């Protein structure tokens, strides 16, 4: 894609917006659908986010390869664990409600 970098920049913002929209959605319509939407958006937004950080702060072909590899693992496992929490346990929305009861 000759327009890769700008298509990424646009997706990043599309996702940030997406996630903003999920906050009200979690409060007003909690349940599976939002629970998975949040698992996917929290991971995607955080993965791109931590990647801009590596990009600004990590230098050298190898240290960059390493940071990005470690990030891809952190993210894959993070989206996995969140889907897991949603399938086998109460799920993000309900967990927040419960924690807010303490």
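Positions refer to the first chain, counted from 1.
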Quick check: 25 to 33 versus 44 to 52, which has the larger average CA B-factor in the record?
25 to 33
Once the chain's modelled residues are ordered by C-alpha B factor and cut into thirds, is residue 76 in the lowest, middle or highest one?
lowest
Which third, lowest, middle or highest, does the CA B-factor of residue 58 fall in along this chain?
middle
According to the PDB entry, is the CA B factor of residue 64 in the bottom, middle or top third of its chain, that is, lowest, middle or highest?
highest
